[PDB]
Amino acid sequence: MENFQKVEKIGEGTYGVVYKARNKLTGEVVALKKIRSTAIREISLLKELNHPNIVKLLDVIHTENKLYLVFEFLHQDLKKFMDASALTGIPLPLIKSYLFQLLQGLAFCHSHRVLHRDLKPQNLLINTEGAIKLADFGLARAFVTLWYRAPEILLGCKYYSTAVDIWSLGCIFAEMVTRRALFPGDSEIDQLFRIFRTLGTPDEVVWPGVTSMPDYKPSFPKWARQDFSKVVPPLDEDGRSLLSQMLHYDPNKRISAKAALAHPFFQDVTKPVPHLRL
Ligand SMILES: c1ccc2[nH]ncc2c1
């Protein structure tokens with residue numbers, strides 16, 4: 001870490017603290033993540049998954065037996081973007097461009113069999129050019145919020161799929177549109193039960209195999225599903241339709257990233273630029 005001057009704390013994950021930092025030699029500004037042999041090998045495969053919609057891992061410094069990840073630096077995240085836009089909301093054309101770009105990112109990682117596992121507005125980073133990028137991709141495998149967790153994770157599936165990322169990104173899409181979190185659980189059972197209340201308690205009709213999942217209980221209350229027009233107004237039909245498919249209970253029915261890219265909602269995509277105050 002001797003090659004860097006820490007200019008400020010950009011945040012604190014479960015893994016460790018992130019710092020905005022300046023390369024003493026190059027003067028490139030980067031985000032420096034302090035973490036805390038298999039983890040080494042996994043992290044080094046991440047150095048090779050490069051895409052415009054993935055925050056670039058620049059370097060990996062294993063020294064004195066600590067681990068530092070040097071990332072491409074961006075000035076804002078979508079969480080901060082949202083709180084800033086809450087009065088008027090993010091315009092639909094920009095919401096739509098953000099979703100499209102993230103889906104692109106996901107389609108890439110997913111085709112290389114890498115999952116994110118922990119998508120949330122704080123790890124979605126934006127720039128002045130209207131780009132949006134996925135941060136912390138692949139780090140969960142390498143080693144607090146439940147709001148974006150897929151139901152098969154909550155029900156105790158150990159072997160879950162890329163579908164878990166589509167679920168989280170659905171939850172985020174709805175949050176951009178409405179300016180409220182979709183399913184703000186403050187425990188595992190609260191999170192599961194908020195999902196049930198909105199989408200209906202899942203059963204064998206909608207999700208074959210559900211009743212045999214590890215933490216499924218026949219004693220779960222039986223709530224009826226709500227209409228989507230009540231969940232995310234004033235989103236149009238194409239958008240509700242797509243959101244519906246990203247929030248399918250059965251991971252095997254849930255839309256893939258690559259198929260979501262083809263949905264009619266994206267017919268008139270554009271790439272607006274946000275007004276960001278840095
Ligand atoms: C977390 C991870 C990577 C990052 N790059 N820029 C800001 C930031 C935050």
Side-chain angles (χ1 to χ4, degrees), residues 1 3-36 39-40 42-63 66-85 90 94 97-98 101-102 104-106 108-109 112 114-149 165 168-169 171-172 175-176 273-278:
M1 252 15 204
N3 296 262
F4 293 95
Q5 50 158 352
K6 298 187 205 315
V7 11
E8 77 183 35
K9 200 170 309 162
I10 357 178
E12 293 177 357
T14 28
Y15 287 125
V17 177
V18 193
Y19 290 90
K20 182 188 210 175
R22 189 186 277 291
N23 182 312
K24 282 172 197 166
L25 40 169
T26 72
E28 84 178 335
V29 341
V30 300
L32 194 60
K33 182 176 179 181
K34 307 154 183 301
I35 310 291
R36 296 326 150 208
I40 295 295
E42 317 281 73
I43 295 170
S44 292
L45 295 176
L46 299 184
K47 208 178 297 176
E48 298 179 345
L49 78 42
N50 294 138
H51 181 98
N53 297 116
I54 292 153
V55 179
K56 172 178 198 152
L57 178 53
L58 277 15
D59 271 302
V60 173
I61 302 167
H62 190 207
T63 283
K66 293 181 181 180
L67 188 66
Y68 291 103
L69 314 191
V70 198
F71 290 108
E72 158 183 22
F73 175 87
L74 294 86
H75 289 82
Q76 208 155 120
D77 62 5
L78 181 69
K79 205 266 186 249
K80 345 199 167 161
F81 195 70
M82 298 189 109
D83 291 351
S85 301
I90 311 170
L94 181 52
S97 175
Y98 282 174
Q101 290 182 59
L102 273 25
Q104 279 188 105
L106 258 30
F108 180 78
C109 299
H112 289 81
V114 175
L115 278 66
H116 195 294
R117 308 153 188 257
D118 195 19
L119 293 171
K120 57 202 173 60
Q122 307 95 75
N123 58 47
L124 268 28
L125 312 178
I126 63 170
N127 67 19
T128 53
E129 294 186 78
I132 189 164
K133 307 190 189 198
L134 292 151
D136 292 342
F137 220 96
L139 270 33
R141 194 184 69 158
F143 322 106
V144 98
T145 187
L146 300 173
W147 292 5
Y148 308 94
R149 244 171 232 6
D165 292 335
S168 313
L169 183 60
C171 290
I172 298 176
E175 192 178 332
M176 287 195 280
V273 294
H275 76 112
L276 62 97
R277 289 174 185 188
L278 301 174

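Position 1 is the first residue of the sequence; numbering continues from there. For ligands, and for the atoms within them, numbers begin at 1 and follow the listed sequence. Because only heavy atoms are used, hydrogens play no part in the values below, and waters and symmetry mates are left out as well, while side chains stay in.
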**Asked** Using heavy atoms and a threshold below 4.0 Å, how should the contact between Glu72 and ligand 1 be classified: side chain, backbone, both, or neither?
**Response** backbone
**Prompt:** Backbone, side chain, both or neither: what part of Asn123 comes under 4.0 angstrom of ligand 1, heavy atoms only?
**Reply:**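 The answer is neither; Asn123 stays 4.0 Å or more away.
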**Asked** Should the pair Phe108 and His112 be assigned to parallel (<30°), tilted (30 to 60°) or perpendicular (>60°) ring geometry?
**Response** tilted
Can you tell me if [X] has over 12 outside heavy atoms packed within less than 6.0 Å of its [atom1]?
X: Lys79; atom1: NZ; result: no
X: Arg277; atom1: CZ; result: no
X: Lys56; atom1: NZ; result: no
X: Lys24; atom1: NZ; result: yes

**Protein heavy-atom partner closest to atom 1 (C) of ligand 1 - residue, atom, separation in Å** = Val18 CG1, 4.0 Å
**Request:** Just need the protein heavy atom nearest to atom 6 (N) of ligand 1, so name the residue and atom and give the distance.
**Result:**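 It is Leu74 N, 3.0 Å.
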**Message:** Please list, in number order, the atoms of ligand 1 under 4.0 Å from a heavy atom of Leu125.
**Reply:**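 Heavy-atom distances to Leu125 below 4.0 Å select 3 (C), 4 (C), 5 (N), 6 (N), 7 (C), 8 (C).
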**Message:** Within ligand 1, which atoms have a heavy atom of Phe73 less than 4.0 Å away?
**Reply:**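 Answer, ordered by atom number: 5 (N), 6 (N).
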**Message:** Considering both backbone and side-chain atoms of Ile10, is one of its nitrogen or oxygen atoms within less than 3.5 Å of a nitrogen or oxygen in ligand 1?
**Reply:**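 No, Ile10 has no N/O under 3.5 Å of an N/O on ligand 1.
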**Item:** Non-hydrogen side-chain atoms of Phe73 and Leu125 separated by less than 4.5 Å
**Value:** no
